[PDB]
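Please read the structure below before turning to the comments.
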Ligand SMILES: [Cl-]
Ligand SMILES: [Cl-]
Ligand SMILES: [Cl-]
Ligand SMILES: [Cl-]
Ligand SMILES: [Zn+2]
Ligand SMILES: [Zn+2]
């Protein structure tokens, strides 16, 4: 039983979000939804999410899951807004509590900020099975880009997050806190051991769908024949040349909260905190 | 007695800073010095200021004034860092207290944030005379870009801030809070009534020095013959098309403090506050 998958490209952040629909029912999940954010003005907008809401409404779907593949450093999540409009259960990999506990310190939030994942309604363990309607699904731990990345298998497909790019772009950076180029190399090996026909759906592109086959032989960074020590050297060498993602500091502190904005002050206004000279 | 003026271009922010030196002594002032700031990482760096420090050290100058022409929305000021290394008296126009009182509310700082200009050691009134060594100087109120802009006359020259651009670029936006396209029009008229040979030194360029003469007849936005109501219409029409300056929210909250970073938290880290959905 194969999922009905609709991709949604966001040109500002190069993010693909997905609606993952059970063909035998109206149940669906939403993967990596984007809350649009203008960092110069601090304006959040709902254009990308409204595309998702309209699709769900057109096809009269019931949102069962709001899935995050990892903690996004390049965009803010629109999960909370979609959850208000469409319902559904907010979910992420269990190792999100490592990112919460680390960045609670880096953002200086105190214990008014819980670091155990309560903001998310489900934390997936490695290998955990679950369903989207009748669809059969499993969550695999695939860390390396971040400590907490998950790949979601759903029928014949896999939502790999930032664990791979399209074969001609290669792989993503691993210099996020807790990221590990060698952990990512072995996460990719796990992905390559899947059936070569598995539909692979990327989180970013700089062109959303490939296969395990295409990747295994044609990925410019981790084709077959690229050993662990070679890849690591190149990954860390490219990472050193990379400036920090523009939205990283706003994105983490929203996304580590499940996509809740920071609390309102007596002002009536909510504020992000931008650590100075910490990175 | 004419000032010895050295210009310093910052390509990241298109800012001209100046060293204004009294030829008959070693006294100088520093105008609009830049603290380099990477907004993605929250990294401040001291490259631009180190150029100023080296010049002061080469020519064995004594910093008497650290002048700001206005509250900068496009860069953070390096006044406090220069003040530590070189000394000197930090100064700005008296109407800085309007910007402090407004943005103390917009940034929700409470009364742990004084709104009377104590962070600056001198607040210039309109028409106030002062000296840089033997040089004769006067501060004119020239609002419009911001409520608090000042033009500094020093001998035969004038540091106009963002009150004008070079004649072929025209004028700057007036949509900052308290800014007023019509106030700016009449500030410019005041500048045009100066002697046509007055050396005019811009704060930005997108090429630092022109004359009142060149401006009066050749400014593409406010040449002679452009009336008050025409200019205002065009200024507000262009302003509406403009996205907010990238660094505006970090820059104001540092510069409204005289260039002090926000306080250290028990973390040991300092934080900017970015209002959400307020602009
Ligand atoms: Cl597209
Ligand atoms: Cl459920
Ligand atoms: Cl130059
Ligand atoms: Cl003095
Ligand atoms: Zn990512
Ligand atoms: Zn300005």
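Here Cβ is always computed from backbone atoms with ideal geometry, including for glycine, and neighbour counts include all displayed protein chains. Read-outs throughout are calculated quantities, based only on the coordinates presented, and are distinct from any laboratory measurement.
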*Which distances, shortest first and in nm, link residue B:11 to the matching position in the other copies, using label points set 7 Å out along Cα to C-beta?*
2.9
*Quick one: if the Förster radius is 30 Å, what FRET efficiency do residue A:223 and residue A:175 give, using the C-beta to C-beta distance and rounding to 0.05?*
0.85
_Distances in nm from residue B:268 to the matching label points in the other copies, shortest first (labels 7 Å along Cα to Cβ)_ = 4.0
_Simple spin-label estimate for residue B:14 and residue A:129 in nanometres, 7 Å along Cα-Cβ_ = 6.1
*Go ahead and collect, in residue order, the members of segment A:138-173 whose backbone nitrogen is under 19 Å from a label point 7 Å along the Cα-Cβ direction of residue A:234.*
A:144-145, A:162-173
_Cα Rg, Dmax (largest Cα-Cα span) when computed across the protein assembly as shown, Å_ = 27.8, 89
*For segment A:44-125, compute Rh as the Kirkwood radius over C-alpha pairs and then the Stokes-Einstein diffusion coefficient at 10 °C and 1.306 mPa s; write the answer in µm²/s, rounded to an integer.*
113
*Separation between the residue B:265 and residue B:138 pseudo-spin-labels, each 7 Å from Cα along Cα→Cβ, expressed in nm?*
4.9
*Relative to a virtual label point 7 Å from the Cα of residue A:40 in the Cα→beta-carbon direction, which members of segment B:162-204 show backbone nitrogen distances below 15 Å?*
B:172-177
*Using a ≥ b ≥ c from the Cα gyration tensor of chain A (square roots of the eigenvalues), is it rounded, prolate or oblate, where a/c under 1.5 gives rounded and otherwise the larger of a/b and b/c decides, a/b for prolate?*
oblate
*asked:* I need the inter-copy label distances for residue A:230: point set 7 Å along Cα to C-beta, values in nm with one decimal, smallest first.
replied: 6.9
